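Taken in sequence, the protein lines are chains C, B, A and D.
Counted the way the deposited numbering counts, the first sequence spans residues 84 to 162, 170 to 247, 252 to 537, 544 to 566, 568 to 603.
Counted the way the deposited numbering counts, the second sequence spans residues 84 to 162, 170 to 247, 252 to 537, 544 to 566, 568 to 603.
Counted the way the deposited numbering counts, the third sequence spans residues 84 to 162, 170 to 247, 252 to 537, 544 to 566, 568 to 603.
Counted the way the deposited numbering counts, the fourth sequence spans residues 84 to 162, 170 to 247, 252 to 537, 544 to 566, 568 to 603.
These notes concern the structure reproduced below.
There are 4 protein chains.
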Amino acid sequence: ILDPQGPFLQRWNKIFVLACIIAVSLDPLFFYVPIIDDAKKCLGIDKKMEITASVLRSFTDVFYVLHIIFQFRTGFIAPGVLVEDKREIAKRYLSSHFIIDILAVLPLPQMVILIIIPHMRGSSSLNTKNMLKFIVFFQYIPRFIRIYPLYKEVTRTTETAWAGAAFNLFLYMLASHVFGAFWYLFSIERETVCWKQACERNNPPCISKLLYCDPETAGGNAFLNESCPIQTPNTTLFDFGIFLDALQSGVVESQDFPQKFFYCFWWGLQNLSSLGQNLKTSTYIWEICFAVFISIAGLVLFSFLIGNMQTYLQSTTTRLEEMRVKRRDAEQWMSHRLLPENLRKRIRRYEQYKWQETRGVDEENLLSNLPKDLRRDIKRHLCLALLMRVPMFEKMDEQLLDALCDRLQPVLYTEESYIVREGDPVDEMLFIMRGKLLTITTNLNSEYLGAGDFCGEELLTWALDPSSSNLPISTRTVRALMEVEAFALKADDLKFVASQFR
Amino acid sequence: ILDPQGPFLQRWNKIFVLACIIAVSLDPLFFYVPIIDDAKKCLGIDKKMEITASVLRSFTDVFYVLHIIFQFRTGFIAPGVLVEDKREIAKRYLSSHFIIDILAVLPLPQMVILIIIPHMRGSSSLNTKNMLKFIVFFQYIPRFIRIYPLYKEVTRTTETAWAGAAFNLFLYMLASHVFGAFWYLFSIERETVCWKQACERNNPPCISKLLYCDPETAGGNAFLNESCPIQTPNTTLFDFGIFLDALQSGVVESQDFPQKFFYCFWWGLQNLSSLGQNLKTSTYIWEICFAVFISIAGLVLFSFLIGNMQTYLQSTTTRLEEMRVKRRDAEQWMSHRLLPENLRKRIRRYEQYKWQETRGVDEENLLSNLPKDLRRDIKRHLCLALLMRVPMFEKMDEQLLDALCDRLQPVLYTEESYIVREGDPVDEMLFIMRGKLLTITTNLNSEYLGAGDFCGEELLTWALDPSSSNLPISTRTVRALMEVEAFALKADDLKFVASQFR
Amino acid sequence: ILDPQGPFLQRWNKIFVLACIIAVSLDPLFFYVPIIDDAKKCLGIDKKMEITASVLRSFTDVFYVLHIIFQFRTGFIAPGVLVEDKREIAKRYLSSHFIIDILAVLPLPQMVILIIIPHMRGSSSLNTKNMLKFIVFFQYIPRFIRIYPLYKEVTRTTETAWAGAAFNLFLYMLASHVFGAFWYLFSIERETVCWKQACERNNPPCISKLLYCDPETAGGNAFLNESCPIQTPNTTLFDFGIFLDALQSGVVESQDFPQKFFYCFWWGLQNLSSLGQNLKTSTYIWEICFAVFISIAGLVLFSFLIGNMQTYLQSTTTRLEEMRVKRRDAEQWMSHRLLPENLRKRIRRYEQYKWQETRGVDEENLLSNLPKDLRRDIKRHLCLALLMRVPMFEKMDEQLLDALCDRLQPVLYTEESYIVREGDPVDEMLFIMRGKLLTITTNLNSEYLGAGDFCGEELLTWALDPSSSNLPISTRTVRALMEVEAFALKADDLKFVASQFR
Amino acid sequence: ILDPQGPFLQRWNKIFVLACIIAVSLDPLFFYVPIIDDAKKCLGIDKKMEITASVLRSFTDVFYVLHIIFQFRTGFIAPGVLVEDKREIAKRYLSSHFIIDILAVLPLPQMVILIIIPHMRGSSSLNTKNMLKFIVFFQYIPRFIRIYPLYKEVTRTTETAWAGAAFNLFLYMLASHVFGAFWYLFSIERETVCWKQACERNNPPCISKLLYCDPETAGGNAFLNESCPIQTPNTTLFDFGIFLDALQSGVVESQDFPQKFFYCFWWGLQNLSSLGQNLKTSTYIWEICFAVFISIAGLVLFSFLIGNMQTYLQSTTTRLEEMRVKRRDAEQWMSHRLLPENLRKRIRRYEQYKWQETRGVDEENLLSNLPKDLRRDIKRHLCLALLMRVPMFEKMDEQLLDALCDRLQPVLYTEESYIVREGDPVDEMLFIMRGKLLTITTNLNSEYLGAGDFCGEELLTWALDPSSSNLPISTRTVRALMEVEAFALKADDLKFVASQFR
Ligand SMILES: [Ca+2]
Ligand SMILES: [Ca+2]
Ligand SMILES: [Ca+2]
């Protein structure tokens, strides 16, 4: 007995939503089963298409009875503890989704082909076209409201930035295949409607068996190329409208399936992405309603694609938008304050240096939203080896240096940048990660601070004497020579660490 | 007497904005009233369309006199207290919107059909085409500036994420119906302009009654199929341009309304979504201006749809965008700090565990924006039963435990995660909701903490002694074995609760 | 002498950017000047179009010499104080934009028509077509880089939410007019290229004067309808491609300008919004390059519209998006915490009540970003009359009640909502704006609090005694009966006001 | 030896990604090499196109062997210090990208033209068409997975707001050129497939050499214009479908390259931006698959453009959106509080004055994110000369005035705005930058404060006496006469500066 967030179901019920897109990608294959033999002017059956659609539907419908038996041993919880007991798992399923799952999985086209049509009354070709049209209609509803609750089951738990656009592009291909096989079947039905109407006014006499094919009967009603003209059209006799391209190309006579599939799929793709622009309909109402439905469905898909894409694109540009709004803010604040050009280009230098190092990421906000031992292991990797180069800090344990790694903040310094000047109070104690720093004094000798060296060691002796609250006056003037990365130790954060050291 | 936010008006004035879209969805039905009988070459009247458009307009125009009487008893307020007094409710309405509401509701097409046209001078068919063209023009303006203030009344108070797109898709259908009935009427007028011009140069002699279709008169000017060719076109004689499809399909002769409606609605839908691409106009100026107007209106609608959709789409992805930006921020911060792979995959584990639990929701910010008794009832449901398993906390009342439920913060812990180690100061007191926790000590024996158990009970005895400010040293090392949900009690938040307990 | 933010220039240099769109909306009118007389097979001049384009260009080019003299008395500032002195205003202008402003304003088409063409060598009709084609080419560059710095002058200072879309829709109309008059002129040039090439192989003898119209000559080369077929096309002789529609419609022969303008503007609008779909080009390279340029320009113009529209749409939905995200955050936090349905629907009631009152606006953040005297005048309008109903607060001056109006915070309460219960400590002092409140006590009698009444008067006597820090215990249980708006006075904010009262 | 962020590589490996777009913009030039001579009905070779494509490919393939030798001396780092040592630089490159970089740079079309085809068996024209079709196929894969890691190398480091749209517009031009040369080559192959099939059923007898075009042999199979009709098409014999336009225009026979390039590039641009709308395919499967691929690629390309443009557009409106939301928040907060019109238009005046000065930029947040010496140099430019007009502040050094420039905050005041009134406590000390201020007193005389003057000098003597904590009472009422910019000095920030002055 399992629960819906258990690892077996949560990896197996993603294959079920996949096999329900495979299932609706094979239901229009039964529309390619009726055929027209244009020599004898008869409606026929593509027998090998009839087998191909029946076993492709079966092999995806013995994959959803496996969903039915995996909902008899699923997990209800409450109105914190799951229910592992049957006869209430198998009573809410039988009150919520069991019949829709069993009306969607019944082999209704495969059983009407094997059982019902060879024992029906009339022509086998007309019965096959009429049963497979309506059974695929009447099973079209539970095969789509079985995917509504199974998607509500996975909105309570794939995703990438582009997955909404890739599923959108697949929805073009599925709808183009559905609309084109509908167009195939409606083209065959409009030609047989022409044949029936021409036979009910039989100036030339018509025999009604011979509209339906039968290999025992050779030859059919030969006058039907006059009353139902296709290769040269006469819309006074019959306007075929948007179905004339299917009857002129001979796709309704071919028994070659990739020939038949690709011509009709491309009709669906051409007219969905055109929003029905080039559909020259006749005055027939249901042909117009088909073209209206193609126009609306393509109108709804294209707008989704443009959106699913501008979403992919904008997902990938936030920190970069946020930098552009800050660079344009550093502009027109300078030239509203009328800053001199030596001040403005130092501002542009720091904001570009902060951008190429951090990329908009606030490191302290990123680390504070981590757990206290994971944040400790990061800051002991970054900051602890820098603190071991101060000749006093080895005297502390792994309880006070862990207070110091917690209080080290990363700072950035461009070139020409002054860290401190002689005479200023010392706020920080730096621990240099990168860059070279020239320090001078007039009290002369010029020292150099590289990676691993530390500035501000006047401040430790101030924040150890248990002393004045005014900061010690800098005896050195420290200036950066290259881009400097460092870790800053503030005065009061060092003053806290002084109280736990005696 | 009512006020505009009162419950009667605020549910009844949403039916008024609905009946004003039904009203503009039936005004182009009067354009389907003129008819052409192509045998006799006469302009006629569809009499049953003339009744259908008159009673569909009446039954939506006795639904807006109900708006007029519901503005005589509405509520003015001031330049906090509403005005319930008449003769100033019925004086600002008569200075703001009363005449536009009464110019929009006058039964001008129904009264010109029943009264004015049977007592006019000329032909009844030409008068019906000319009056219904211009009255639907001249009443088109107050039937659209009556929806401008009624929409300003409901911008001061439906909405869903997709309602802007569903109203956009309905605006296609309304504009396609308007543009297609305009195209129907302009096609009839271009054929009668051809008939008038052919009769003013009568090489073959023409009688001007017979352009207008009387059932007493049989037969008309038979030479008009020569001078106004339609079924085979000659643009030297007359170029019908974009109206030739209406005259060749026979939609201007049919009295079958769903035949006539669907052919013309589809023309409007095909050419709006094409932005007027396939309109092969003639050199006639107002035909070009009609095609320019179709092109602009379809540009405007399409751009709105694409926007209304991307809004729906983005309305559904904010917290999920915010997770992807944080994930792209965690990457390239790791590999800029060059973190080891044991540290990086622990970061990715916590940020994915925090995502699948919280989905970006900050619980403390969500609870703090709630009222103080509603926030109290939530935290007494979540946290109070967990506090009753500490063997001291039953000694408090429902005034001090309510201070403790207010200070419990939810924390998350992945697997392998250390809560505390032996030797560290104890900051928190946990109250485990989920997961198993192995605690050890070397002072050996290994205990286990499950759901309902609590960690950090060294800290209560510290924050009861009225003691040192340094936290007690942990005697245990607690480590998570599975994903742990818990509630954390900080040291100073427990130190507050100690002062109200004696 | 003026400065660029002075009120004269800043209202007058918005008419200058308007007259520079009027100027480029009249430059293609010189392309409608050449004409073809198809009877005599001659290229001619539309003389009244030649006057109309010359005075429409003049009346917008004596509107930009006014820009030249308003840049001789403009204001330079520095590399805070403007420069009001000439000879340096009129030396940077002569080094930055003076020649581009004078190359754009020279009456080069009007002066080649009046002076240069009547004193040139060759045919007056071919010289008019060739000069007006190239002078409008060679003055097309400075009439567009004169709008680049003048737009940089107004990005340093109209805007609405829809102005980017309305300017976008105007950019369709301007580009359609430019592209269609280009198509008009290129159609005339392709027919004369046919006439010249047919005359250089004169199996039928051709006289080269007679391709150019001269009203003295009557009759021209009559064989040119054979070698340059238009009304029935033969692409073996000459393929006119995308220019055949202009030569067949007779728009290149008409001297009726609104006939000629609207047919060519509609060609530009039809093919820009089609992105060049229906352009059936010939194999001519520059015809293809024209069609490639129409395709790219429409591709760029459409993408901007879709963006400009969705900016309009999203601008108007920020707080409403922010409410929908908060509503989707309240859901799945409830049903992740598994809250009972009495708790969940109270949460949905408060968040919908807060939405319909505030519409996402934080009032305290809105008021704090206002100046201190403007924020004082608002809070003395809202809160001071409510404070005058407490019978102690009239004893204070307009220095201490102004401290109380500064500390009053707006609160909201739904129905059934408990303000305080008997036994709870009293945190707030309410001042009711709206709604009715039933207060009870068991110490029984039930009082009622309406608009103007105040709750929490136990707390003033606590925060006047100079007393315990624990809050006074509520003797009443106050519960809301309707939606309550009130102003809350916190305990410590009342404790501050107590120190300035003795 | 260099590293990937070193200045030589980081400027030279942007030319490498440029020469890899030039490289894929010249691979379809080999598809323009086969030619059809329609008189003799033979497939031939364009010899000068064969040289032009070979030297344009060579001159961009001796530009990527320079990338191969610049990856033998690049910089590995670790699993902070780079590796400058060979034999491990040249062992990971030989395990990651060396063979894909050498399979992409091999001169396979140039060497099959010069070496392999003159020593092959069969016809030289059929071998040239078949080798150049498949070698450009088989080298198409490593010439595109060589740009995947080189782009991953520059996502770890151009950009502008419009660069994603300009690269998108270039991706139209590259794909249109690729698709149109594919269409050129597939048009030639469909005509030769027609010639082969007509020769395998030789009612009229066909000689198979003469399908391949040798200058020694004059004349070919002349019956092929009957069985493969092009100029008048017969789809019963052969349906050329979407390739008929190439065979009818004679672009497959022309040896004029800009004629041939522009006709085929425009076919690609017309059908990509149409998403394959106007492609009238035949029933041939791979022609349909080509048209399906054009439809999908244009569907993806267009959606990206619309997104890349709306990103540009929105990049430019983030602060201006933020002002419009704040303006829509100020409205309906006023008229929910029912503020009087003298209060509302003062609110609209300040929020518009703050907008035209600051443009949404928070100056204190902008300055605080700058380094402490750069922020000091800005505030000494803005604020120090204003502080030197107070007659006491020259007595301080450059250590205490630097504390005062750090604490000066910019304030804005509209006209009619009261700074302080007589009787109010003085919170601020202003330092006027702009505007005139009328100050009065009743203790009368009216003074004036201009730029450089300072208000609030009652407060310095309060915050120097080492005194009461209550602020001094204003003896003046100061009111603005024009828009005032000033710097504010708060009372406690002046009280800090008092402690360091004795
Ligand atoms: Ca289109
Ligand atoms: Ca089209
Ligand atoms: Ca489109």
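Ideal Cβ placement from N, Cα and C applies to all residues, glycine included.
Taking only the alpha-carbon atoms, compute the straight-line gap between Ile-237 (chain A) and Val-455 (chain B) and give it to the nearest angstrom.
For this step, residue 237 (chain A) is matched to residue 147 along the third sequence. For this step, residue 455 (chain B) is matched to residue 361 along the second sequence. When rounded, the distance between both Cα atoms is 49 Å.
Is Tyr-548 (chain A) buried or exposed, if buried means 16 or more other CB atoms sit within 10 Å of its CB?
Locating residue 548 (chain A) in the third sequence gives position 448, counting from the first residue. So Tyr-548 (chain A) ends up on the exposed side.
What number of angstroms, rounded off, separates the C-alpha of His-271 (chain A) from the C-alpha of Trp-256 (chain D)?
As a first step, residue 271 (chain A) must be located in the third sequence, where it is residue number 177. As a first step, residue 256 (chain D) must be located in the fourth sequence, where it is residue number 162. For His-271 (chain A) and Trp-256 (chain D), the distance between alpha carbons rounds to 27 Å.
To the nearest angstrom, how far is it from the Cα of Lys-489 (chain C) to the Cα of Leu-564 (chain C)?
Walking along the first sequence from the start, residue 489 (chain C) turns up at place 395. Walking along the first sequence from the start, residue 564 (chain C) turns up at place 464. Taking the straight line joining both Cα atoms gives about 13 Å.
Against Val-345 (chain B), what residues of chain C qualify as contacts under a CB-to-CB distance less than 8 Å, listed in chain order?
Against the second sequence, residue 345 (chain B) aligns to sequence position 251. Near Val-345 (chain B) (Cβ distances below 8 Å), the residues of chain C are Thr-377.
Under 7 Å, CB to any heavy atom of ligand 2. Which residues pass, going along the chain?
C:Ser-368, C:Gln-371, C:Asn-372, B:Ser-368, B:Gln-371, B:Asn-372, A:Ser-368, A:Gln-371, A:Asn-372, D:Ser-368, D:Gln-371, D:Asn-372
Does the Cβ-Cβ distance between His-150 (chain A) and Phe-99 (chain A) come in under 8 Å?
Taking the third sequence and counting its residues from 1, one reaches residue 150 (chain A) at position 67. Taking the third sequence and counting its residues from 1, one reaches residue 99 (chain A) at position 16. Taking 8 Å as the Cβ cut-off, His-150 (chain A) and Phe-99 (chain A) qualify as a contacting pair.
What's the gap between the Cα of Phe-159 (chain B) and the Cα of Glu-178 (chain B)?
In the second sequence, the residue the question calls residue 159 (chain B) occupies position 76. In the second sequence, the residue the question calls residue 178 (chain B) occupies position 88. Those two C-alpha atoms are separated by around 8 Å.
Length of the line joining the Cα atoms of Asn-96 (chain A) and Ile-441 (chain C):
As a position in the third sequence, residue 96 (chain A) is number 13, starting the count at 1. As a position in the first sequence, residue 441 (chain C) is number 347, starting the count at 1. Between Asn-96 (chain A) and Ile-441 (chain C), the C-alpha separation is close to 32 Å.
For the region 386–472 of chain D, list the beta strand (DSSP E) runs that are entirely contained and at least 3 residues long, ordered along the chain.
none
Give the DSSP-derived three-state secondary structure of residue 567 (chain C) in the structure shown.
Residue numbering in chain C breaks between 566 and 568, and residue 567 (chain C) falls inside that break, so it has no position here.
Range of the contiguous beta strand (DSSP E) that encloses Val-226 (chain A):
Here residue 226 (chain A) refers to the residue found at position 136 of the third sequence. Looking at the DSSP string, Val-226 (chain A) is not in any beta strand (DSSP E); the run it does join, the alpha helix (DSSP H), is 214–228.
Buried or exposed: which applies to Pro-117 (chain B), given that a residue is buried once 16 or more other Cβ atoms fall within 10 Å of its Cβ?
Here residue 117 (chain B) is taken as the residue at index 34 of the second sequence, counted from 1. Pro-117 (chain B) should be labelled buried.
Unbroken stretches of the beta strand (DSSP E), 3 residues or longer, contained in the region 96–125 of chain C
117–120
Mapping DSSP to helix, strand and coil, what is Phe-317 (chain D)?
If you number the fourth sequence from 1, residue 317 (chain D) lands on position 223. Correct three-state label for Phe-317 (chain D): coil.
Under the three-state reduction of DSSP, which class applies to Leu-338 (chain A): helix, strand or coil?
Reading the third sequence from its first residue, position 244 is the one you call residue 338 (chain A). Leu-338 (chain A): helix per DSSP, three-state reduction.
Under 8 Å between beta-carbons, which chain A residues line up against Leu-433 (chain D)? List them in chain order, please.
On the fourth sequence, residue 433 (chain D) is found 339 positions in, with the first residue counted as 1. Here the neighbours are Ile-472, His-475.
Please give me, in chain order, every unbroken run of the alpha helix (DSSP H) with length at least 4 that falls completely inside the region 495–526 of chain B.
495–500
Compare the C-beta of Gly-313 (chain A) against all C-beta atoms of chain C and say whether one is closer than 8 Å.
Reading the third sequence from its first residue, position 219 is the one you call residue 313 (chain A). Not closer than 8 Å to any Cβ of chain C, the Cβ of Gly-313 (chain A) fails to qualify, so no.
Taking a contact to mean a Cβ-Cβ separation below 8 Å, would you say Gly-529 (chain C) touches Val-585 (chain C) in this structure?
If you number the first sequence from 1, residue 529 (chain C) lands on position 435. If you number the first sequence from 1, residue 585 (chain C) lands on position 484. Yes.
With a CB to CB cut of under 8 Å and the five nearest residues on each side skipped, what residues in its chain are close to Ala-180 (chain D)?
As a first step, residue 180 (chain D) is located in the fourth sequence; it is residue number 90 there, counting from the start. Contacts found: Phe-155.
From A:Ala-161, A:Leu-506, A:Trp-562, pick the residue whose C-alpha is nearest to that of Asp-86 (chain A); which is it?
Mapped onto the third sequence, residue 86 (chain A) falls at position 3. Considering only alpha carbons, the answer is A:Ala-161.
For a test of the three-state rule: what should DSSP assign to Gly-362 (chain D), helix, strand or coil?
Here residue 362 (chain D) refers to the residue found at position 268 of the fourth sequence. Helix.
What is the rounded straight-line gap between the Cα of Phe-261 (chain B) and the Cα of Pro-239 (chain C)?
The residue given as residue 261 (chain B) occupies position 167 in the second sequence. The residue given as residue 239 (chain C) occupies position 149 in the first sequence. About 26 Å.
How would you write the range of the beta strand (DSSP E) that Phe-588 (chain C) sits in, first residue to last?
Here residue 588 (chain C) refers to the residue found at position 487 when the first sequence is read from its first residue. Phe-588 (chain C) -> beta strand (DSSP E) spans 585–591.
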